[PDB]
Participant: 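Dumping the structure here so I can ask a few things about it.
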There are 2 protein chains.
Amino acid sequence: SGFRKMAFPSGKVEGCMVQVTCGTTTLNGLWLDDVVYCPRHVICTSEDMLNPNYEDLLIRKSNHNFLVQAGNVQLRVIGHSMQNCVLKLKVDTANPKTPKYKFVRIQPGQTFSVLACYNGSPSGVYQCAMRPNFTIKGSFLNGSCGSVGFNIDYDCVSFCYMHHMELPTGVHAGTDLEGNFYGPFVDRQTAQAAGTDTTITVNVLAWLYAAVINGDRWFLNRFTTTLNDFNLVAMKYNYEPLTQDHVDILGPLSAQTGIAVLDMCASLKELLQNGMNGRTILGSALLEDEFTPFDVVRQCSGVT
Amino acid sequence: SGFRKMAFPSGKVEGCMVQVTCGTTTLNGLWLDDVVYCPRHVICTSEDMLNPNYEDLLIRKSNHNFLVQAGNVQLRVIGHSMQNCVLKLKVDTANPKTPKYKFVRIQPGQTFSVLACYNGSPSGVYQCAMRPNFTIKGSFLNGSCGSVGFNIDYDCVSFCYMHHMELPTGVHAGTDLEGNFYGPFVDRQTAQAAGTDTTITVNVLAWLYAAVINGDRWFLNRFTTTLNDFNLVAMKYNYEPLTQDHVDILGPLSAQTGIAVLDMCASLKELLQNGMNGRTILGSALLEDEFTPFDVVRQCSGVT
Ligand SMILES: CS(=O)(=O)c1ccc(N2CCNCC2)cc1
Ligand SMILES: CS(=O)(=O)c1ccc(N2CCNCC2)cc1
């Protein structure tokens with residue numbers, strides 16, 4: 001028993017991290033097969049970031065200007081290309097530690113682990129969620145660009161995020177591994193304000209199910225609600241609307257606990273309206289939304 | 001910027017996890033050099049756990065009764081011995097993935113990462129603290145025994161914990177890698193109640209410093225206090241007493257932020273007396289105590 005914010009074991013991704021330097025900029029790259037992926041802003045100086053023309057800046061770069069180092073050994077760059085906001089550096093050596101992998105573009109509400117790196121060296125691993133406004137609340141200092149987000153299914157790593165930017169509000173923006181930003185963000189140092197950071201309702205309900213499974217049951221009430229009634233309260237509290245797809249996804253947690261999804265919605269509704277009253281749920285004084293229903297099932301069953 | 005509960009990259013420890021089976025029990029082992037370390041309760045049936053005599057149970061076991069599997073390959077056991085509450089299984093093959101390592105016994109308040117494993121397979125990584133009552137609040141299902149806690153200093157892994165027990169209250173107990181339990185706990189299925197789970201004051205202060213560095217400054221007040229005055233309030237709120245050693249340890253955070261340690265103590269004192277008033281600090285509605293001052297410095301500087 002016990003319920004923790006857990007990240008995937010990072011070993012498979014650690015074997016892919018490399019350091020990429022272009023001029024005076026050093027950031028992280030992801031080495032899979034004979035390609036190194038990194039943010040295209042590696043070619044920008046701090047000055048260029050204010051209004052960069054990436055195609056024009058890239059013309060002044062040749063293969064030998066991209067310095068790729070894996071551990072303390074240099075990789076030979078034999079090609080380079082820009083795909084959206086990522087650069088793909090073809091190297092002459094396939095990464096011997098390349099795991100089975102996929103590139104996936106996640107939806108808001110989905111969680112993933114981030115391996116924060118500096119100079120191609122992993123420093124830490126944490127668990128995140130793609131917010132409904134397409135930002136992530138990460139922990140990234142200068143030099144962390146190119147650090148990646150991923151999920152693991154047994155032995156296959158699905159890479160879903162690459163770190164690019166920090167908005168003026170301290171929240172983070174990045175791309176999938178095809179170089180397309182999540183949300184409306186651009187790799188330019190300009191006014192980019194995030195939209196409403198709503199709460200991921202289906203994730204909160206999943207976490208309330210985890211709480212019940214782990215013994216924290218004080219919040220369970222004698223009420224029920226409907227999807228429409230619940231959603232009126234959810235809109236008022238800046239919670240994402242709950243759909244029948246979400247109810248279907250919570251089905252196994254409902255079955256395991258014997259608590260109908262709409263009953264849990266009514267408990268959540270009273271928690272929103274009454275507050276926690278100084279109490280905690282799974283050691284938290286607020287409603288946690290960075291566990292998906294899949295995460296709750298995985299952690300509560302022990303998927304390796 | 002941004003501040004996350006971060007675990008160390010788990011790769012170096014993943015390469016050490018093996019599956020140990022003795023009779024009908026399968027749990028995790030840690031393979032370092034030619035020794036596999038695992039909880040000695042691997043020799044117990046669920047019935048034996050009620051009142052086990054480990055020396056007597058171990059007499060009925062031979063080297064060939066301990067089945068050690070690393071990946072899908074079997075290791076040959078050429079010796080076995082009991083050291084406190086851990087079994088050391090000598091194998092004929094040194095782990096080729098053995099990192100540089102130390103065995104350390106941590107003090108309460110110290111944090112570490114746990115690589116939760118099942119059947120010798122890593123399922124997740126999370127960050128923990130040794131509580132002042134010598135329990136840990138982990139996430140461990142049946143089959144997780146033998147999962148380990150560690151800290152990494154560049155390339156050296158300091159193993160500090162091995163999971164053994166879950167108390168009837170759902171909190172966890174375990175040993176250092178010499179087999180000595182943290183706290184008064186024993187590897188027997190009997191009434192073992194934990195003492196007071198007090199808050200790790202020096203860790204809360206470190207985290208308030210992290211909050212200031214990351215822009216969350218609402219809680220800073222116009223007051224100061226003394227160690228003795230602060231400690232009177234800390235005792236009342238079940239917080240650990242703050243010592244001059246703790247003040248010394250917070251010195252670099254005080255220097256970086258320009259906020260004297262005793263001033264931060266006065267802010268913490270008002271947070272204890274007034275509460276959060278529905279506000280959050282670093283996305284938390286309660287005062288976080290599972291970041292040491294060292295962790296705050298490491299995360300805020302980018303140590304890899
Ligand atoms: C606006 S920001 O803080 O997200 C940001 C600003 C600058 C950069 N650099 C790219 C690498 N070359 C140096 C400049 C990257 C991100
Ligand atoms: C009291 S408890 O839940 O912490 C616990 C109970 C039993 C066990 N087993 C050891 C391995 N063999 C089967 C029994 C381990 C821990």
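Order of listing sets the numbers, starting from 1, for every ligand and every atom in it. Per chain, numbering begins at 1; letters A, B, ... match sequence-line order.
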Participant: So, are A:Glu290 and A:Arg4 salt-bridged, with charged N and O less than 4.0 Å apart?
Facilitator: no

Participant: Residues two or more places apart in sequence or in another chain: which of them pass side-chain hydrogen bond (donor to acceptor under 3.5 Å, both in side chains) with A:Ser1?
Facilitator: B:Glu166

Participant: Salt bridge (charged side-chain N to carboxylate O under 4.0 Å, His left out) with B:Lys5: which residues, sequence neighbours excluded?
Facilitator: none

Participant: By side-chain hydrogen bond (donor to acceptor under 3.5 Å, both in side chains), which residues pair with A:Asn214, not counting sequence neighbours?
Facilitator: none

Participant: As a test of reading the model: which N/O atoms of the protein lie under 3.5 Å from N/O atoms of ligand 1, and at what distance?
Facilitator:
unit_1   : atom_1 : unit_2   : atom_2 : d
ligand 1 : 4 (O)  : A:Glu166 : N      : 2.8
ligand 1 : 4 (O)  : A:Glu166 : O      : 3.3
ligand 1 : 12 (N) : A:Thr25  : OG1    : 2.9
ligand 1 : 12 (N) : A:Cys44  : O      : 2.7

Participant: Can you label the angle between the B:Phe103 ring and the B:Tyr37 ring as parallel, tilted or perpendicular, going by 30° and 60°?
Facilitator: perpendicular

Participant: Roughly how far, to the nearest 0.5 Å, is CG of B:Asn180 from CE of B:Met162?
Facilitator: 13.0 Å

